[PDB]
$ cat run-v9.cif   # mmCIF, C-alpha atoms and all ligand atoms
data_upload
loop_
_atom_site.group_PDB
_atom_site.id
_atom_site.type_symbol
_atom_site.label_atom_id
_atom_site.label_comp_id
_atom_site.auth_asym_id
_atom_site.auth_seq_id
_atom_site.Cartn_x
_atom_site.Cartn_y
_atom_site.Cartn_z
ATOM 1 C CA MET A 1 7.474 47.008 44.643
ATOM 2 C CA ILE A 2 7.848 47.864 40.895
ATOM 3 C CA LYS A 3 4.815 46.174 39.264
ATOM 4 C CA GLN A 4 4.101 44.958 35.697
ATOM 5 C CA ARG A 5 1.900 47.203 33.490
ATOM 6 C CA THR A 6 -0.839 46.608 30.883
ATOM 7 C CA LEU A 7 -3.429 48.641 28.897
ATOM 8 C CA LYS A 8 -6.331 50.183 30.879
ATOM 9 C CA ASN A 9 -8.580 50.012 27.785
ATOM 10 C CA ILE A 10 -9.056 48.612 24.275
ATOM 11 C CA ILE A 11 -8.061 50.925 21.375
ATOM 12 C CA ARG A 12 -8.424 50.468 17.641
ATOM 13 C CA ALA A 13 -6.287 51.906 14.831
ATOM 14 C CA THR A 14 -6.106 51.437 11.029
ATOM 15 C CA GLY A 15 -3.240 52.082 8.550
ATOM 16 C CA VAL A 16 -1.055 50.511 5.797
ATOM 17 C CA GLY A 17 1.863 48.039 5.594
ATOM 18 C CA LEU A 18 5.096 49.756 4.378
ATOM 19 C CA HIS A 19 6.437 46.587 2.614
ATOM 20 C CA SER A 20 3.136 44.790 1.795
ATOM 21 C CA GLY A 21 1.068 47.907 0.799
ATOM 22 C CA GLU A 22 -2.170 46.297 2.240
ATOM 23 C CA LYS A 23 -4.664 48.145 4.534
ATOM 24 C CA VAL A 24 -4.507 46.609 8.069
ATOM 25 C CA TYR A 25 -6.708 46.798 11.206
ATOM 26 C CA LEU A 26 -4.724 46.844 14.493
ATOM 27 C CA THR A 27 -6.338 46.267 17.924
ATOM 28 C CA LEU A 28 -4.543 46.543 21.286
ATOM 29 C CA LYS A 29 -5.928 44.742 24.372
ATOM 30 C CA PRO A 30 -5.123 44.364 28.079
ATOM 31 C CA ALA A 31 -3.529 40.967 28.963
ATOM 32 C CA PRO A 32 -2.936 38.878 32.137
ATOM 33 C CA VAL A 33 0.284 39.065 34.274
ATOM 34 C CA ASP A 34 3.357 37.211 32.804
ATOM 35 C CA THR A 35 1.670 37.043 29.296
ATOM 36 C CA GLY A 36 4.250 39.365 27.631
ATOM 37 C CA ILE A 37 3.377 40.771 24.168
ATOM 38 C CA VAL A 38 1.385 38.284 21.977
ATOM 39 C CA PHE A 39 0.648 38.962 18.248
ATOM 40 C CA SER A 40 -2.670 37.537 16.938
ATOM 41 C CA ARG A 41 -3.688 37.065 13.245
ATOM 42 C CA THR A 42 -7.540 37.408 13.359
ATOM 43 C CA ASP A 43 -7.920 37.058 9.520
ATOM 44 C CA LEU A 44 -7.000 33.297 9.877
ATOM 45 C CA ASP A 45 -9.266 30.356 10.880
ATOM 46 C CA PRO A 46 -8.344 29.413 13.485
ATOM 47 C CA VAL A 47 -6.731 32.574 14.981
ATOM 48 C CA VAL A 48 -2.889 32.171 15.040
ATOM 49 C CA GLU A 49 -0.753 33.458 17.966
ATOM 50 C CA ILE A 50 2.977 34.286 17.551
ATOM 51 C CA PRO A 51 4.378 35.528 20.900
ATOM 52 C CA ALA A 52 6.795 38.541 20.563
ATOM 53 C CA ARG A 53 10.049 36.744 21.605
ATOM 54 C CA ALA A 54 13.609 36.584 20.143
ATOM 55 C CA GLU A 55 13.230 32.805 19.341
ATOM 56 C CA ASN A 56 10.230 33.405 16.917
ATOM 57 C CA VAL A 57 12.108 35.968 14.704
ATOM 58 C CA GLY A 58 12.450 34.740 11.091
ATOM 59 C CA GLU A 59 13.347 37.247 8.343
ATOM 60 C CA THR A 60 15.547 40.180 9.509
ATOM 61 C CA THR A 61 16.549 41.388 6.002
ATOM 62 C CA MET A 62 14.766 44.836 5.925
ATOM 63 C CA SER A 63 12.415 44.606 8.982
ATOM 64 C CA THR A 64 11.928 42.411 12.122
ATOM 65 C CA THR A 65 9.609 39.493 11.160
ATOM 66 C CA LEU A 66 8.074 36.795 13.504
ATOM 67 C CA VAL A 67 7.495 33.211 12.112
ATOM 68 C CA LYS A 68 5.081 30.422 13.187
ATOM 69 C CA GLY A 69 5.424 27.964 10.283
ATOM 70 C CA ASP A 70 3.106 29.251 7.501
ATOM 71 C CA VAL A 71 2.021 32.466 9.273
ATOM 72 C CA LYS A 72 4.047 35.685 9.709
ATOM 73 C CA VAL A 73 3.693 39.080 11.438
ATOM 74 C CA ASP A 74 5.956 41.715 9.822
ATOM 75 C CA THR A 75 7.687 45.033 10.744
ATOM 76 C CA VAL A 76 7.048 44.728 14.553
ATOM 77 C CA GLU A 77 10.007 46.930 15.642
ATOM 78 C CA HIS A 78 8.454 50.488 15.884
ATOM 79 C CA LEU A 79 5.359 49.276 17.855
ATOM 80 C CA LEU A 80 7.563 47.110 20.164
ATOM 81 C CA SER A 81 9.737 50.259 20.818
ATOM 82 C CA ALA A 82 6.721 52.399 21.919
ATOM 83 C CA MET A 83 5.669 49.523 24.231
ATOM 84 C CA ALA A 84 9.227 49.124 25.713
ATOM 85 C CA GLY A 85 9.299 52.962 25.813
ATOM 86 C CA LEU A 86 6.217 53.250 28.075
ATOM 87 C CA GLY A 87 7.004 50.033 30.041
ATOM 88 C CA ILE A 88 4.151 47.862 28.644
ATOM 89 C CA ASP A 89 4.840 44.278 29.900
ATOM 90 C CA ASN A 90 1.582 42.552 28.839
ATOM 91 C CA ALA A 91 -0.723 43.308 25.862
ATOM 92 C CA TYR A 92 -2.517 41.443 23.053
ATOM 93 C CA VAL A 93 -1.973 42.841 19.532
ATOM 94 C CA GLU A 94 -4.514 41.713 16.923
ATOM 95 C CA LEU A 95 -3.767 42.265 13.203
ATOM 96 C CA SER A 96 -6.116 41.718 10.222
ATOM 97 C CA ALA A 97 -3.079 41.496 7.861
ATOM 98 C CA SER A 98 0.468 40.015 7.643
ATOM 99 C CA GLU A 99 2.214 43.386 8.470
ATOM 100 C CA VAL A 100 1.907 46.014 11.276
ATOM 101 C CA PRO A 101 0.810 49.481 9.998
ATOM 102 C CA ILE A 102 3.748 51.822 9.190
ATOM 103 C CA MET A 103 1.677 54.933 10.263
ATOM 104 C CA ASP A 104 4.027 58.038 10.031
ATOM 105 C CA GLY A 105 7.142 55.718 10.005
ATOM 106 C CA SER A 106 7.876 56.418 13.740
ATOM 107 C CA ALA A 107 6.816 55.118 17.233
ATOM 108 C CA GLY A 108 4.878 58.427 17.855
ATOM 109 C CA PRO A 109 1.368 57.218 16.784
ATOM 110 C CA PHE A 110 1.591 53.995 18.898
ATOM 111 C CA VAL A 111 2.751 56.177 21.884
ATOM 112 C CA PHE A 112 -0.388 58.353 21.344
ATOM 113 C CA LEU A 113 -2.511 55.093 21.204
ATOM 114 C CA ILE A 114 -1.011 53.673 24.532
ATOM 115 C CA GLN A 115 -1.320 57.029 26.484
ATOM 116 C CA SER A 116 -5.045 57.496 25.422
ATOM 117 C CA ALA A 117 -5.911 53.872 26.458
ATOM 118 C CA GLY A 118 -3.876 54.391 29.699
ATOM 119 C CA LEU A 119 -1.497 52.122 31.693
ATOM 120 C CA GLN A 120 -2.866 49.627 34.294
ATOM 121 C CA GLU A 121 -0.578 48.464 37.153
ATOM 122 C CA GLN A 122 -0.916 44.696 37.925
ATOM 123 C CA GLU A 123 -0.513 42.841 41.278
ATOM 124 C CA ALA A 124 2.740 41.113 40.177
ATOM 125 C CA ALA A 125 6.469 42.017 40.349
ATOM 126 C CA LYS A 126 8.092 43.440 37.173
ATOM 127 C CA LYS A 127 11.100 41.425 36.055
ATOM 128 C CA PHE A 128 14.255 42.688 34.325
ATOM 129 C CA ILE A 129 17.224 41.011 32.571
ATOM 130 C CA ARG A 130 20.489 42.344 34.088
ATOM 131 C CA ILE A 131 23.695 42.165 31.937
ATOM 132 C CA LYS A 132 26.349 40.572 34.246
ATOM 133 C CA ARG A 133 29.221 40.491 31.636
ATOM 134 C CA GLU A 134 29.889 41.652 28.007
ATOM 135 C CA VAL A 135 28.439 39.822 24.918
ATOM 136 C CA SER A 136 29.368 40.735 21.283
ATOM 137 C CA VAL A 137 28.475 39.790 17.628
ATOM 138 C CA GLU A 138 30.374 40.795 14.423
ATOM 139 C CA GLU A 139 29.295 40.433 10.741
ATOM 140 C CA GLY A 140 32.278 41.724 8.701
ATOM 141 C CA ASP A 141 32.287 45.571 8.997
ATOM 142 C CA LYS A 142 29.094 45.569 11.263
ATOM 143 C CA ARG A 143 29.113 45.008 15.105
ATOM 144 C CA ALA A 144 26.768 44.994 18.208
ATOM 145 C CA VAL A 145 27.363 44.344 21.952
ATOM 146 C CA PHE A 146 25.688 44.341 25.418
ATOM 147 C CA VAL A 147 27.857 45.656 28.332
ATOM 148 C CA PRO A 148 26.958 45.910 32.067
ATOM 149 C CA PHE A 149 25.464 49.298 33.118
ATOM 150 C CA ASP A 150 23.358 50.610 36.072
ATOM 151 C CA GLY A 151 20.259 51.588 33.997
ATOM 152 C CA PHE A 152 19.462 51.491 30.237
ATOM 153 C CA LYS A 153 21.771 53.159 27.702
ATOM 154 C CA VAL A 154 21.594 52.673 23.913
ATOM 155 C CA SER A 155 24.445 53.995 21.738
ATOM 156 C CA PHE A 156 24.668 53.960 17.945
ATOM 157 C CA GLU A 157 27.312 54.717 15.273
ATOM 158 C CA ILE A 158 26.496 54.802 11.530
ATOM 159 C CA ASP A 159 29.056 55.073 8.701
ATOM 160 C CA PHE A 160 26.924 55.598 5.535
ATOM 161 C CA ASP A 161 28.624 56.434 2.223
ATOM 162 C CA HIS A 162 25.870 58.835 1.088
ATOM 163 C CA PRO A 163 26.389 62.517 0.152
ATOM 164 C CA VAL A 164 23.563 63.603 2.588
ATOM 165 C CA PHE A 165 25.924 63.126 5.614
ATOM 166 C CA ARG A 166 28.966 65.250 4.308
ATOM 167 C CA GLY A 167 31.608 62.431 4.592
ATOM 168 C CA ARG A 168 30.968 62.108 8.392
ATOM 169 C CA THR A 169 29.677 59.190 10.546
ATOM 170 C CA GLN A 170 26.543 59.691 12.739
ATOM 171 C CA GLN A 171 26.571 59.066 16.508
ATOM 172 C CA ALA A 172 23.992 59.522 19.293
ATOM 173 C CA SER A 173 23.877 58.008 22.808
ATOM 174 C CA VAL A 174 20.650 57.934 24.895
ATOM 175 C CA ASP A 175 20.187 57.420 28.672
ATOM 176 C CA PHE A 176 16.803 55.586 28.531
ATOM 177 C CA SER A 177 13.789 56.908 30.477
ATOM 178 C CA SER A 178 10.040 57.066 29.639
ATOM 179 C CA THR A 179 10.303 60.940 29.398
ATOM 180 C CA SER A 180 13.552 60.911 27.292
ATOM 181 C CA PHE A 181 12.156 58.183 24.910
ATOM 182 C CA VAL A 182 8.974 60.121 23.803
ATOM 183 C CA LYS A 183 10.550 63.593 23.138
ATOM 184 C CA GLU A 184 14.036 62.283 22.257
ATOM 185 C CA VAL A 185 13.615 58.961 20.325
ATOM 186 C CA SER A 186 9.908 58.360 19.537
ATOM 187 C CA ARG A 187 9.278 60.880 16.655
ATOM 188 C CA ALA A 188 12.357 59.687 14.596
ATOM 189 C CA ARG A 189 11.058 58.445 11.156
ATOM 190 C CA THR A 190 12.000 55.488 8.914
ATOM 191 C CA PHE A 191 14.230 56.434 5.949
ATOM 192 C CA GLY A 192 14.751 55.215 2.390
ATOM 193 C CA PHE A 193 17.343 56.233 -0.230
ATOM 194 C CA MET A 194 16.529 57.214 -3.840
ATOM 195 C CA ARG A 195 19.443 54.970 -4.960
ATOM 196 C CA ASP A 196 17.758 51.723 -3.629
ATOM 197 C CA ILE A 197 14.557 52.456 -5.720
ATOM 198 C CA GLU A 198 15.175 49.750 -8.458
ATOM 199 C CA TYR A 199 16.519 47.159 -5.937
ATOM 200 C CA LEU A 200 13.875 47.970 -3.252
ATOM 201 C CA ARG A 201 10.771 47.272 -5.365
ATOM 202 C CA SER A 202 12.222 44.310 -7.431
ATOM 203 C CA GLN A 203 11.920 42.190 -4.213
ATOM 204 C CA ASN A 204 8.414 43.623 -3.404
ATOM 205 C CA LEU A 205 9.721 45.930 -0.592
ATOM 206 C CA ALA A 206 8.569 49.455 0.461
ATOM 207 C CA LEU A 207 5.449 48.979 -1.781
ATOM 208 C CA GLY A 208 3.635 51.376 0.692
ATOM 209 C CA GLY A 209 6.647 53.760 1.144
ATOM 210 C CA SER A 210 6.122 57.510 0.433
ATOM 211 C CA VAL A 211 7.079 60.972 1.827
ATOM 212 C CA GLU A 212 3.950 60.610 4.076
ATOM 213 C CA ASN A 213 5.466 57.605 6.040
ATOM 214 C CA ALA A 214 9.315 57.940 5.647
ATOM 215 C CA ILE A 215 12.336 60.227 4.970
ATOM 216 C CA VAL A 216 12.876 59.872 1.195
ATOM 217 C CA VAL A 217 16.447 60.921 0.408
ATOM 218 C CA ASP A 218 17.671 62.039 -3.040
ATOM 219 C CA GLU A 219 21.426 62.088 -3.859
ATOM 220 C CA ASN A 220 21.574 65.902 -3.192
ATOM 221 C CA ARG A 221 19.273 66.300 -0.093
ATOM 222 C CA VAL A 222 16.210 65.191 1.981
ATOM 223 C CA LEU A 223 13.204 65.661 -0.403
ATOM 224 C CA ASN A 224 10.547 65.772 2.435
ATOM 225 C CA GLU A 225 9.398 69.428 2.258
ATOM 226 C CA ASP A 226 9.722 70.311 6.017
ATOM 227 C CA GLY A 227 13.010 68.347 6.294
ATOM 228 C CA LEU A 228 13.933 66.619 9.565
ATOM 229 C CA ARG A 229 12.203 66.403 12.968
ATOM 230 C CA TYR A 230 15.702 66.018 14.595
ATOM 231 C CA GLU A 231 19.129 67.112 13.125
ATOM 232 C CA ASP A 232 20.274 63.541 13.994
ATOM 233 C CA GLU A 233 16.962 61.841 12.979
ATOM 234 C CA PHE A 234 18.546 58.976 10.915
ATOM 235 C CA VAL A 235 20.601 57.786 13.934
ATOM 236 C CA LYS A 236 17.776 58.414 16.533
ATOM 237 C CA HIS A 237 15.576 56.036 14.436
ATOM 238 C CA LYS A 238 18.389 53.362 14.306
ATOM 239 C CA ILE A 239 18.133 53.694 18.173
ATOM 240 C CA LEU A 240 14.299 53.419 17.908
ATOM 241 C CA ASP A 241 14.828 50.193 15.842
ATOM 242 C CA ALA A 242 17.171 48.557 18.440
ATOM 243 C CA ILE A 243 15.102 49.351 21.592
ATOM 244 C CA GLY A 244 12.186 47.635 19.788
ATOM 245 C CA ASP A 245 14.228 44.573 18.644
ATOM 246 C CA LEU A 246 15.815 44.074 22.127
ATOM 247 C CA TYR A 247 12.352 44.015 23.810
ATOM 248 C CA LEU A 248 11.706 40.563 22.102
ATOM 249 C CA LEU A 249 14.024 39.417 24.990
ATOM 250 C CA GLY A 250 10.610 39.454 26.755
ATOM 251 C CA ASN A 251 11.761 41.746 29.601
ATOM 252 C CA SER A 252 13.225 45.229 30.335
ATOM 253 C CA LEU A 253 17.083 45.388 30.210
ATOM 254 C CA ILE A 254 19.349 46.782 32.935
ATOM 255 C CA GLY A 255 22.464 47.162 30.788
ATOM 256 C CA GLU A 256 24.115 49.037 27.935
ATOM 257 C CA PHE A 257 23.738 48.358 24.203
ATOM 258 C CA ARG A 258 26.176 49.690 21.538
ATOM 259 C CA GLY A 259 25.598 49.378 17.753
ATOM 260 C CA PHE A 260 28.169 49.968 14.944
ATOM 261 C CA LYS A 261 26.525 49.853 11.428
ATOM 262 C CA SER A 262 24.167 47.233 13.008
ATOM 263 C CA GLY A 263 20.584 46.322 11.967
ATOM 264 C CA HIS A 264 17.688 43.922 12.637
ATOM 265 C CA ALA A 265 19.681 40.769 11.622
ATOM 266 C CA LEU A 266 22.594 41.442 14.019
ATOM 267 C CA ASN A 267 20.305 42.827 16.801
ATOM 268 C CA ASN A 268 18.418 39.505 16.797
ATOM 269 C CA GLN A 269 21.829 37.736 16.425
ATOM 270 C CA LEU A 270 22.901 39.491 19.718
ATOM 271 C CA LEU A 271 19.762 38.519 21.791
ATOM 272 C CA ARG A 272 20.095 34.806 20.922
ATOM 273 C CA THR A 273 23.833 34.804 21.827
ATOM 274 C CA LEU A 274 22.919 36.444 25.194
ATOM 275 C CA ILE A 275 20.126 33.885 25.923
ATOM 276 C CA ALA A 276 22.604 31.009 25.236
ATOM 277 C CA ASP A 277 25.223 32.701 27.533
ATOM 278 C CA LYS A 278 23.372 32.072 30.896
ATOM 279 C CA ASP A 279 26.528 33.160 32.885
ATOM 280 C CA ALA A 280 26.212 36.704 31.396
ATOM 281 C CA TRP A 281 22.731 37.487 32.834
ATOM 282 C CA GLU A 282 20.170 37.014 35.645
ATOM 283 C CA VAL A 283 16.502 37.969 36.194
ATOM 284 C CA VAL A 284 15.688 40.594 38.922
ATOM 285 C CA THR A 285 12.718 42.345 40.615
ATOM 286 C CA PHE A 286 12.651 45.474 42.865
ATOM 287 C CA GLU A 287 11.168 45.711 46.405
ATOM 288 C CA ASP A 288 11.590 49.526 46.300
ATOM 289 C CA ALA A 289 11.142 52.173 43.515
ATOM 290 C CA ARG A 290 14.105 54.289 44.871
ATOM 291 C CA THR A 291 16.636 51.326 44.624
ATOM 292 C CA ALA A 292 15.624 50.625 40.928
ATOM 293 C CA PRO A 293 17.593 52.452 38.176
ATOM 294 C CA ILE A 294 15.220 52.758 35.124
ATOM 295 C CA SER A 295 12.261 55.253 35.247
ATOM 296 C CA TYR A 296 8.822 54.801 33.531
ATOM 297 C CA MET A 297 5.822 57.122 32.808
ATOM 298 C CA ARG A 298 3.305 56.798 35.694
ATOM 299 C CA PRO A 299 -0.227 55.725 34.575
HETATM 300 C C1 LIG B 1 11.557 49.239 8.216
HETATM 301 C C2 LIG B 1 12.738 49.475 9.135
HETATM 302 O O1 LIG B 1 12.164 49.672 10.424
HETATM 303 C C3 LIG B 1 13.526 50.655 8.701
HETATM 304 N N1 LIG B 1 13.884 51.658 9.515
HETATM 305 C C4 LIG B 1 14.585 52.567 8.815
HETATM 306 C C5 LIG B 1 14.665 52.112 7.530
HETATM 307 N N2 LIG B 1 14.014 50.944 7.483
HETATM 308 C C6 LIG B 1 13.896 50.170 6.251
HETATM 309 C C7 LIG B 1 12.799 50.825 5.424
HETATM 310 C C8 LIG B 1 13.107 50.673 3.949
HETATM 311 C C9 LIG B 1 12.421 51.701 3.100
HETATM 312 C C10 LIG B 1 12.768 51.723 1.757
HETATM 313 C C11 LIG B 1 12.179 52.638 0.904
HETATM 314 C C12 LIG B 1 11.249 53.522 1.411
HETATM 315 CL CL1 LIG B 1 10.491 54.714 0.324
HETATM 316 C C13 LIG B 1 10.900 53.507 2.753
HETATM 317 C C14 LIG B 1 11.485 52.589 3.606
HETATM 318 CL CL CL B 2 1.152 35.326 5.654
HETATM 319 ZN ZN ZN B 3 12.800 51.282 11.568
#
$ encode --input "run-v9.cif" --output "structure tokens"
Amino acid sequence: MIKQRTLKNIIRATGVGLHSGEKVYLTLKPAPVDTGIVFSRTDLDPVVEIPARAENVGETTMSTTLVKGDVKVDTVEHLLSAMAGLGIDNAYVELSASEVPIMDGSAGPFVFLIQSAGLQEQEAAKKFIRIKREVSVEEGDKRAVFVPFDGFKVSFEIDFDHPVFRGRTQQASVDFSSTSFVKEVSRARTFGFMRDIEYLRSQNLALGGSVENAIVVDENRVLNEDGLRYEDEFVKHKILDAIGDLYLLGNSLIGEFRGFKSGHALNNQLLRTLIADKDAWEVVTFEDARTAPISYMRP
């Protein structure tokens, strides 16, 4: 059967919050079967646990943010994408600060962290959410939708009105795999625009943002001196952001996702609509690896 996976070992990392600007200590730990991904705030007495699930999402305004009354864990999306990307079902994440470290602004460093620690198979069946019929959410000009598909396919369409794009709209479509995710989606960086610089920092946002952890874009061009890791990097990161946000569903998706000028707010808006719509999904497990559609890196 296709089994659940967890970390073989403990790993530690250290970095800075993009929005907060604080130093943060991050620890990753193996966890028991059916635990899912739990986020732990170790700088509080007692320790506070916010599970990584769609129903705990609070603020979605410029990042995906989990809420347990007083306490928050912020900017979870990139880390949760690496974890979905390598098929990590169960892990404890400990943070010493309110926000997850931005690192290089991509899922690459977390992928490096998970591969070095290693994957551990567990003696329990891996469960998936299968999309049985279409679900959609619209917020004026923006849109997002789950459709039935035999595997995992993420598609994105972005219609910026910035000179950097030459009047055109950006599109990329990915057929998800563990191999395709790491070379194809995982190195795609976070981006800011010069023209949000007043607005951004008035509300205490991107306090830790720099050319070292994001694409900084001036009106004329991309200021980062070696340019872009991918020609289509902006849109591959919007795909990195979704994959991460959808994994708060608690389980791998057999289905297709399509985004049209969508973001964290709508992505979370879509999950909740799907959970409510019980007729549009079911949970499934696989007796045989050959019968299962979606392919993961082997430990
Ligand atoms: C944080 C979120 O994951 C995300 N992905 C792409 C853009 N964003 C929003 C980041 C906002 C941001 C604003 C300014 C700067 Cl310098 C850097 C980042
Ligand atoms: Cl807090
Ligand atoms: Zn992002």
$ residues_near_ligand --input "run-v9.cif" --ligand "ligand ZN 3 (chain B)" --cutoff "8 Å" --atoms "only C-alpha atoms and all ligand atoms" --output "compact mmCIF listing (two decimals) with C-alpha atoms, in the frame of the given file"
# COMPACT_ATOMS: atom_id res chain seq x y z
CA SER A 63 12.42 44.61 8.98
CA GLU A 77 10.01 46.93 15.64
CA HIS A 78 8.45 50.49 15.88
CA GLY A 105 7.14 55.72 10.01
CA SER A 106 7.88 56.42 13.74
CA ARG A 189 11.06 58.44 11.16
CA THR A 190 12.00 55.49 8.91
CA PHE A 191 14.23 56.43 5.95
CA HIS A 237 15.58 56.04 14.44
CA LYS A 238 18.39 53.36 14.31
CA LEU A 240 14.30 53.42 17.91
CA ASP A 241 14.83 50.19 15.84
$ closest_residue --input "run-v9.cif" --among "A:151, A:268, A:294, A:193" --to "residue A:58" --atoms "only C-alpha atoms"
A:268
$ atom_distance --input "run-v9.cif" --atom1 "atom CA of residue A:117" --atom2 "atom CA of residue A:251"
21.7 Å
$ residues_near_ligand --input "run-v9.cif" --ligand "ligand LIG 1 (chain B)" --cutoff "10 Å" --atoms "all atoms listed in the file" --output "PyMOL selection string"
chain A and resi 18-19+60-64+74-78+102+105-106+188-197+199-201+205-217+234-235+237-242+244-245+263-264
$ resolve_selection --input "run-v9.cif" --expression "the PyMOL selection byres (((chain A and resi 110) around 12) and not hetatm)" --output "CSV table (one decimal) with C-alpha atoms, keeping the file's coordinate frame"
chain,number,residue,atom,x,y,z
A,11,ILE,CA,-8.1,50.9,21.4
A,12,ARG,CA,-8.4,50.5,17.6
A,13,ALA,CA,-6.3,51.9,14.8
A,14,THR,CA,-6.1,51.4,11.0
A,15,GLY,CA,-3.2,52.1,8.6
A,26,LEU,CA,-4.7,46.8,14.5
A,27,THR,CA,-6.3,46.3,17.9
A,28,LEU,CA,-4.5,46.5,21.3
A,76,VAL,CA,7.0,44.7,14.6
A,77,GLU,CA,10.0,46.9,15.6
A,78,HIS,CA,8.5,50.5,15.9
A,79,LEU,CA,5.4,49.3,17.9
A,80,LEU,CA,7.6,47.1,20.2
A,81,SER,CA,9.7,50.3,20.8
A,82,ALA,CA,6.7,52.4,21.9
A,83,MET,CA,5.7,49.5,24.2
A,84,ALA,CA,9.2,49.1,25.7
A,85,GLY,CA,9.3,53.0,25.8
A,86,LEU,CA,6.2,53.2,28.1
A,88,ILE,CA,4.2,47.9,28.6
A,93,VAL,CA,-2.0,42.8,19.5
A,100,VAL,CA,1.9,46.0,11.3
A,101,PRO,CA,0.8,49.5,10.0
A,102,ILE,CA,3.7,51.8,9.2
A,103,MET,CA,1.7,54.9,10.3
A,104,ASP,CA,4.0,58.0,10.0
A,105,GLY,CA,7.1,55.7,10.0
A,106,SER,CA,7.9,56.4,13.7
A,107,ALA,CA,6.8,55.1,17.2
A,108,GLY,CA,4.9,58.4,17.9
A,109,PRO,CA,1.4,57.2,16.8
A,111,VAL,CA,2.8,56.2,21.9
A,112,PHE,CA,-0.4,58.4,21.3
A,113,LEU,CA,-2.5,55.1,21.2
A,114,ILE,CA,-1.0,53.7,24.5
A,115,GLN,CA,-1.3,57.0,26.5
A,116,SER,CA,-5.0,57.5,25.4
A,117,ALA,CA,-5.9,53.9,26.5
A,182,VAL,CA,9.0,60.1,23.8
A,186,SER,CA,9.9,58.4,19.5
A,187,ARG,CA,9.3,60.9,16.7
$ closest_residue --input "run-v9.cif" --among "A:159, A:226, A:99, A:89" --to "ligand CL 2 (chain B)" --atoms "all atoms listed in the file"
A:99
$ residues_near_ligand --input "run-v9.cif" --ligand "ligand CL 2 (chain B)" --cutoff "12 Å" --atoms "all atoms listed in the file" --output "tab-separated table (two decimals) with C-alpha atoms, in the frame of the given file"
chain	number	residue	atom	x	y	z
A	20	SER	CA	3.14	44.79	1.80
A	22	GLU	CA	-2.17	46.30	2.24
A	41	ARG	CA	-3.69	37.06	13.24
A	42	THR	CA	-7.54	37.41	13.36
A	43	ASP	CA	-7.92	37.06	9.52
A	44	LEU	CA	-7.00	33.30	9.88
A	48	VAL	CA	-2.89	32.17	15.04
A	65	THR	CA	9.61	39.49	11.16
A	66	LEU	CA	8.07	36.80	13.50
A	67	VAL	CA	7.50	33.21	12.11
A	68	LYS	CA	5.08	30.42	13.19
A	69	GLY	CA	5.42	27.96	10.28
A	70	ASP	CA	3.11	29.25	7.50
A	71	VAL	CA	2.02	32.47	9.27
A	72	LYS	CA	4.05	35.68	9.71
A	73	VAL	CA	3.69	39.08	11.44
A	74	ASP	CA	5.96	41.72	9.82
A	95	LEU	CA	-3.77	42.26	13.20
A	96	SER	CA	-6.12	41.72	10.22
A	97	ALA	CA	-3.08	41.50	7.86
A	98	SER	CA	0.47	40.02	7.64
A	99	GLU	CA	2.21	43.39	8.47
$ residues_around --input "run-v9.cif" --residues "residue A:277" --least-positions-apart "2" --cutoff "12 Å" --atoms "all atoms listed in the file" --output "PyMOL selection string"
chain A and resi 131-136+146+270-275+279-282
$ closest_residue --input "run-v9.cif" --among "A:175, A:183, A:233, A:296" --to "residue A:149" --atoms "all atoms listed in the file"
A:175
$ atom_distance --input "run-v9.cif" --atom1 "atom CA of residue A:119" --atom2 "atom CA of residue A:267"
28.0 Å
$ resolve_selection --input "run-v9.cif" --expression "the PyMOL selection byres (((chain A and resi 162-167) around 7) and not hetatm)" --output "number ranges by chain"
A: 160-161, 168, 219-221
$ write_last_selection --input "run-v9.cif" --atoms "C-alpha atoms" --output "short mmCIF file (atom, residue, chain, number, x, y, z; two decimals), keeping the file's coordinate frame"
data_model
loop_
_atom_site.label_atom_id
_atom_site.label_comp_id
_atom_site.auth_asym_id
_atom_site.auth_seq_id
_atom_site.Cartn_x
_atom_site.Cartn_y
_atom_site.Cartn_z
CA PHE A 160 26.92 55.60 5.54
CA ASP A 161 28.62 56.43 2.22
CA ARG A 168 30.97 62.11 8.39
CA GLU A 219 21.43 62.09 -3.86
CA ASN A 220 21.57 65.90 -3.19
CA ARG A 221 19.27 66.30 -0.09
#
$ resolve_selection --input "run-v9.cif" --expression "the PyMOL selection byres (((chain A and resi 2) around 8) and not hetatm)" --output "MDAnalysis selection string"
chainID A and resid 1 3:4 125:126 285:289
$ residues_around --input "run-v9.cif" --residues "residue A:295" --least-positions-apart "3" --cutoff "9 Å" --atoms "all atoms listed in the file" --output "MDAnalysis selection string"
chainID A and resid 151 176:179 289 292
$ atom_distance --input "run-v9.cif" --atom1 "atom CA of residue A:140" --atom2 "atom CA of residue A:156"
17.1 Å
$ axis_aligned_box --input "run-v9.cif" --around "stretch 237-248 of chain A" --padding-each-side "5 Å" --output "lines of an AutoDock Vina configuration file"
center_x = 15.0
center_y = 48.3
center_z = 19.1
size_x = 16.7
size_y = 25.5
size_z = 19.5
$ residues_around --input "run-v9.cif" --residues "residue A:157" --least-positions-apart "6" --cutoff "9 Å" --atoms "all atoms listed in the file" --output "compact mmCIF listing (two decimals) with C-alpha atoms, in the coordinates of the input"
# COMPACT_ATOMS: atom_id res chain seq x y z
CA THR A 169 29.68 59.19 10.55
CA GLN A 170 26.54 59.69 12.74
CA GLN A 171 26.57 59.07 16.51
CA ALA A 172 23.99 59.52 19.29
CA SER A 173 23.88 58.01 22.81
CA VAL A 235 20.60 57.79 13.93
CA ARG A 258 26.18 49.69 21.54
CA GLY A 259 25.60 49.38 17.75
CA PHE A 260 28.17 49.97 14.94
CA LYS A 261 26.52 49.85 11.43
CA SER A 262 24.17 47.23 13.01
$ closest_residue --input "run-v9.cif" --among "A:16, A:185, A:137, A:174" --to "residue A:152" --atoms "all atoms listed in the file"
A:174
$ closest_residue --input "run-v9.cif" --among "A:265, A:222, A:129, A:145" --to "residue A:252" --atoms "all atoms listed in the file"
A:129
